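Residue numbers (the authors' numbering), protein chains in the order written: chain A, 196 to 306; chain C, 77 to 152; chain B, 1 to 76.
Note that beta-carbon positions come from the ideal geometry of N, C-alpha and C, so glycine has one too.
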Amino acid sequence: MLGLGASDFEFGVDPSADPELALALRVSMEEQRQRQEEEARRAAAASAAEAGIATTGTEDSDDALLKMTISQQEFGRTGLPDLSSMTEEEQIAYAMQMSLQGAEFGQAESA
Amino acid sequence: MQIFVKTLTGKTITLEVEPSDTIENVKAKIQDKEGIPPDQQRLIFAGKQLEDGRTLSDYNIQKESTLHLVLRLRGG
Amino acid sequence: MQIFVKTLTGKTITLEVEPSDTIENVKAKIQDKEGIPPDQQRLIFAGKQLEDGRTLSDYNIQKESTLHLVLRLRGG
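Structure, rendered in structure tokens:
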């Protein structure tokens, strides 16, 4: 059966049935906005000062040390078949490479 | 790795844990510090209730990771 | 017919199945042997991902057929 009651479920179903679960999901949405705004604004300022269409000067010293230092460290050390670096398509590129480009038969294998 | 756990009153707690620790174990830690029962504690990461059987690594929780803690009730 | 399923760790698994079995049924078999959830599994063969509703015959699969299983993760 399905059990159409009220006590059978009143907390693990929706946040509307609990002011603690409704406020918990509202506090998380606010935090994501700070990351989506502080990050979306950082890219909006780099594009406005790329051609010269706003009141800016030269803001690329603190982030340059964060990007230049992480650009050579994050994309510099790679001497091993790390699987974590391969995404779902990169990992698929290896599994598909042996399935599509992995077969030694030719027209001389009568066995 | 010390992780941070916020509450519904602007209060964050730091607990030395690991990526292989179970959520139930973390709830017990906050129960010894704040003095609150684990049954009345709900761990939610960025809007994701953690399972008592799963660990912190199952939710990509790294060191200094913030976790939204909530207080559950018994009927009402 | 027992088919072989190779993963991304130099490991292969054998499962007694049939040409009329659904891919979701195969993922469930590997979930009982290795202990991994089916939602986190991706069956790929001949450079083609298999659907969970399709079966093994829909992709021309026979006994002792090798497959490429992958593990999917989440982030949010």
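Rounded to whole angstroms, the separation of the alpha carbons of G198/A and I3/B is 42 Å. Taking the beta carbon of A235/A as reference, no residue of chain C falls within 7 Å; the closest one sits roughly 18 Å away. In chain order, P37, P38 place their CB closer than 7 Å to the CB of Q31/B, counting only its own chain and leaving out the 5 sequence neighbours on each side. Neighbours of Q286/A in chain B, taken as residues at a C-beta separation under 7 Å, are given in chain order as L8, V70. Boundaries around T264/A are those of the alpha helix (DSSP H), 257-269, since no beta strand (DSSP E) includes it.
Residue pairing of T90/C in beta bridges, as defined by DSSP: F80/C. Here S57/B has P19, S20 as same chain residues with Cβ atoms under 8 Å from its own Cβ, once five neighbours each way along the sequence are excluded. Beta-bridge annotation (DSSP): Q125/C is paired with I120/C. Contact check for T55/B against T14/B fails: the beta carbons are separated by 8 Å or more. In this chain, the alpha helix (DSSP H) harbouring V222/A covers 214-246. A Cβ-Cβ distance of about 12 Å is found for the pair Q292/A and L8/B, leaving them out of contact under the 8 Å criterion.
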